[PDB]
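Heads up: the structure comes next, in structure tokens.
Each answer follows from the model by the rule given with it, or from the source it names; no laboratory read-out is quoted. Positions of Cβ are backbone-derived with ideal geometry, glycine not excepted, and every protein chain shown enters the neighbour counts.
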Amino acid sequence: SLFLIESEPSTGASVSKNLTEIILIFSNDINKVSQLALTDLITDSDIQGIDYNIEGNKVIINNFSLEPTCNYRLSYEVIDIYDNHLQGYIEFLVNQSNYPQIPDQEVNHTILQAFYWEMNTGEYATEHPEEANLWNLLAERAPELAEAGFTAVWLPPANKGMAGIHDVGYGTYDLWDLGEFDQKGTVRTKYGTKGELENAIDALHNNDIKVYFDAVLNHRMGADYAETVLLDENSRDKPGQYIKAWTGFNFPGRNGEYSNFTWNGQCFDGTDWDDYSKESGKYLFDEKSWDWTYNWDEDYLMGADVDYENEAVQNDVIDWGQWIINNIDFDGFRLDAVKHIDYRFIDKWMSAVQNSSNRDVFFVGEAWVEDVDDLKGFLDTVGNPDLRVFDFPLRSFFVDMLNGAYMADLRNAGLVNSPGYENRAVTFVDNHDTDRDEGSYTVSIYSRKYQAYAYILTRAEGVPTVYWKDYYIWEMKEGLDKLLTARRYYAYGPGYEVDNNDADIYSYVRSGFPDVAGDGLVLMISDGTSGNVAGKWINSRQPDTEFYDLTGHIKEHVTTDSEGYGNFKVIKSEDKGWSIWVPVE
Ligand SMILES: C[C@H]1O[C@H](O[C@H]2[C@H](O)[C@@H](O)[C@@H](O[C@@H]3C(CO)=C[C@H](N[C@H]4[C@H](O)[C@@H](O)[C@@H](O[C@H]5[C@H](O)[C@@H](O)[C@@H](O[C@@H]6C(CO)=C[C@H](N[C@H]7[C@H](O)[C@@H](O)[C@@H](O[C@H]8[C@H](O)[C@@H](O)[C@@H](O[C@H]9[C@H](O)[C@@H](O)[C@H](O)O[C@@H]9CO)O[C@@H]8CO)O[C@@H]7C)[C@H](O)[C@H]6O)O[C@@H]5CO)O[C@@H]4C)[C@H](O)[C@H]3O)O[C@@H]2CO)[C@H](O)[C@@H](O)[C@@H]1O
Ligand SMILES: C[C@H]1O[C@H](O[C@H]2[C@H](O)[C@@H](O)[C@@H](O[C@H]3[C@H](O)[C@@H](O)[C@H](O)O[C@@H]3CO)O[C@@H]2CO)[C@H](O)[C@@H](O)[C@@H]1N[C@H]1C=C(CO)[C@@H](O)[C@H](O)[C@H]1O
Ligand SMILES: OC[C@H]1O[C@H](O)[C@H](O)[C@@H](O)[C@@H]1O
Ligand SMILES: OC[C@H]1O[C@H](O)[C@H](O)[C@@H](O)[C@@H]1O
Ligand SMILES: [Ca+2]
Ligand SMILES: [Ca+2]
Ligand SMILES: [Ca+2]
Ligand SMILES: [Ca+2]
Ligand code: NA
């Protein structure tokens, strides 16, 4: 049978105006190109003078000059060497060549989460062998990340873990070992050596990208030795019994470099394992008490739980934080498991790290709380103005969207829409805990993920985060790059809600800056599935302005009236139900 196998560009692509040829690859050798047209779809004009050449089953089309922002269709009728006839087309959109000029200081911030759970395991190791040396890879990719519009990267925990080269990083053994010391069976971490990390940091900084460390302060695992420890009469399990606890940490590979501190049972509140009875439990050590947490009795999670009421422990961990920023040159932190760490300590540590340098250190906590009011309460309780948090509440709306949501409610969803707290939201769609292959803790955003990204990337509040697995592994880069273009160049000025959202369509307006030519956008997203194009009458805040859809989805322009209104459009499908309208000029 005669069909098109592939094309370069693929249908629906955004391409540079510098593109010189279109390649069509057919299933059979081609005898004739009967008909061929490259049509500018906005003006409905066929481009004169295009040429083609046949090479076996390939047709190469060239001799054209593409116009930035224009939507094109290449239509063909071919005849193969068996006399089969095939009529078809591809469509593509040309990138803008002259973008709005946003002052460097006002450019939007966007984070890349630069890892996932299964990196360099199983089939991912075979298919993406470059990920066997993540720090080297990030150094190699820094220019492309910067070009894409990322301004910060969140690294996986970069210190040594209990599982050595296999640890994703959360099995914290030694904070002071960044892949420098022979500990846990390896000198490097999963990601590389300390020197490779420092090379990555310097390469990322060379491209004006900030670097955040994933700090895991709650627990320690992989103790060097076990101790006999009496449990408190207040212990939930085995009160008043001796257990054998893995609480001895002396870091013999490191041999005291950077910090002479060593850990024993007096540095921990408790543990979940007794090596005598070989029984799990929740064991509180004699004379210890669980630290103050937002929710009652949430200090214990796993491992040997750090006692942040111990002053020597506090001092070492504060020293470590200061080291990471001032000596290792990080720009901020993700605080893992933040709700399980003494809130007094979190506040004191943050302020001590912030106060140690003139650099404005970024902090985001992972407080897995899906109710907005509960998450506001958490923030209120830690009381540190610099603490941002991941917007798990907003992500709950994306989970709703999987089988259909009431889309107008995106006006009010999430911490990012909570008055007084919007600027402390770090918005996201998935991460290494919500999108993993096995042993995920929730369902992933397996449908309508683009819509979710479009929503967080165009918003005037919050700092959005892109997940490496989505961008590089699930191969959503091509679509995400369009959204990142929107954010980098267009998503500026105040944000406005609209008055005609409904069950299936949410729209949103960024007016642009009054002193920047050509910025601003109209977002339309939908959870509809009827497969039709739908419109909404929206006030763009840009009178008498022509807009185009930078996603390539709608092959029309919208020209607003003297009051700024136009009929902006979106396709009602899962796959293509987002559009971002931006000025043509
Ligand atoms: C031979 C050997 O001998 C010695 O070794 C000894 C060791 O030294 C000892 O330390 C000890 O070791 C013990 C061992 C040994 O195997 C195991 C065990 N530890 C396991 C652990 O049990 C296991 O699970 C796993 O842990 C990893 C985890 O699975 C991964 O996912 C990852 O995690 C991290 C992380 C931890 O750092 C935290 C982050 N995310 C958390 C989040 O922070 C947290 O709050 C929670 O979220 C829940 C919400 O809190 C909850 O509310 C709910 O959410 C609801 C929401 O609130 C509502 O609003 C809404 O409506 O509903 C929501 C529902 O979704 O649910 C969420 C989700 O659950 O969890 C999330 C995930 C971070 O992002 C995560 O990625 O990493 C973990 C660590 O790798 O593995 C470890 C190892 C014991 O604890 C440990 O003590 O004993 C051995 C001897 O056996 C000697 O030392 C050695 O030298 C010798 O070789
Ligand atoms: C392309 C696709 O990639 C990712 O999807 C992953 C899931 O994250 C992962 O859990 C697994 O999904 C299974 C899921 O766990 C299970 O609950 C369900 O019953 O079956 C799923 C199929 O195996 O694997 C898929 C990858 O195969 C992203 O999370 C998805 O969002 C992403 N979809 C994108 C891409 C397209 C294609 O253009 C859009 O049509 C789609 O709406 C968009 O969300
Ligand atoms: O304090 C360090 C030492 O104390 C102990 O008694 C431990 O059993 C031993 O393994 C450890 O090296
Ligand atoms: O706030 C968290 C609560 O959990 C634990 O029970 C603590 O011991 C208690 O002091 C703390 O306030
Ligand atoms: Ca704790
Ligand atoms: Ca304590
Ligand atoms: Ca709906
Ligand atoms: Ca403007
Ligand atoms: Na504790």
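Observations on the structure shown:
- Among the residues making up the stretch 529-585, those that are closer than 20 Å to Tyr99 by Cα and in contact with a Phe, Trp or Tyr (Cβ under 6 Å, 6 or more places away or on another chain) are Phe547, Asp549, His557, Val558, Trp581, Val582, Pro583, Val584.
- Subset of the stretch 264-307 that is surrounded by fewer than 19 Cβ atoms within 10 Å (Cβ to Cβ) and aliphatic (A, V, I, L, M) - its residue that is farthest from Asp374 (Cα to Cα): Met302
- Those residues of the stretch 502-549 which are more than 16 Å from ligand 8 (Cβ to nearest atom) and of a type in the set (A, V, I, L, M), in sequence order: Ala503, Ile505, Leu523, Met524, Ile525, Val533, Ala534, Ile538
- The set of residues in the stretch 223-237 that are part of a loop (DSSP other than H, G, I, E, B) and surrounded by fewer than 18 Cβ atoms within 10 Å (Cβ to Cβ) comprises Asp224, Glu233, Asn234, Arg236, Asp237.
- Hey, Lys244 basic (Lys, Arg) and in a loop (DSSP other than H, G, I, E, B) or not: no
- Complete set of residues in the stretch 308-352 that are buried (at least 23 other Cβ atoms within 10 Å of the Cβ) and more than 28 Å from the chain's Cα centre (by Cα): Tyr308
- Any hit, the stretch 310-333, residues being more than 14 Å from ligand 4 (Cβ to nearest atom), over 30 Å from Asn206 (Cβ atoms), touching a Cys at 6+ places or on another chain (Cβ under 7 Å) and touching a residue at least 40 places away in the same chain (Cβ under 8 Å): yes
- Any hit, the stretch 188-197, residues being of a type in the set (A, V, I, L, M, F, W, C) and within 16 Å of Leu137 (Cβ to Cβ): yes
- The residue that is farthest from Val463 (Cα to Cα), counting only those in the stretch 97-134 that are among the hydrophobic types (A, V, I, L, M, F, W, C) and assigned to a helix (DSSP H, G or I), is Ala125.
- Put simply, of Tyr441, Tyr446, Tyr467, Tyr472 the only residue that is within 30 Å of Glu130 (Cα to Cα), among the aromatic types (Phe, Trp, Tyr), more than 16 Å from the chain's Cα centre (by Cα) and not assigned by CATH to the domain that holds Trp578 is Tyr441.
- Some residue of the stretch 207-215 being out of contact with any strand residue (DSSP E or B) (no Cβ under 8 Å at 6 or more places or on another chain), closer than 27 Å to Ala114 by Cβ and more than 13 Å from ligand 1 (Cβ to nearest atom): yes
- Output for the stretch 546-557, where each listed residue is among the β-branched types (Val, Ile, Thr) and either buried (at least 22 other Cβ atoms within 10 Å of the Cβ) or closer than 10 Å to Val582 by Cβ (or both): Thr551
- Strands (runs of 3 or more DSSP E) contained in the stretch 446-543 and holding at least 2 residues crowded, with 21+ Cβ neighbours inside 10 Å and not hydrophobic (A, V, I, L, M, F, W, C): 463-467, 505-510
- Residue pairs meeting the criteria (Cβ under 6 Å; at least 6 apart or on separate chains; first in contact (Cβ under 8 Å) with a residue 40 or more places away in the chain, in the stretch 402-416; second part of a helix (DSSP H, G or I)): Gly414/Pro393; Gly414/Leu394; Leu415/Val372; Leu415/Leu375; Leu415/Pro393; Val416/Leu394; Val416/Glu422
- Residues (touching a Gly at 6+ places or on another chain (Cβ under 9 Å), surrounded by fewer than 19 Cβ atoms within 10 Å (Cβ to Cβ) and either part of a loop (DSSP other than H, G, I, E, B) or not assigned by CATH to the domain that holds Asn159 (or both)) located in the stretch 184-222: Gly185, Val187, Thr193
- Any pair with Cβ under 9 angstrom, 6 or more apart, that starts in the stretch 340-363 at a residue that is without any contact (Cβ under 8 Å) to a residue 12 or more places away in the chain and ends at one that is outside any helix (DSSP H, G or I) and away from ligand 6 (no atom under 16 Å from the Cβ): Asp360/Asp331; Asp360/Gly332; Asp360/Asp386
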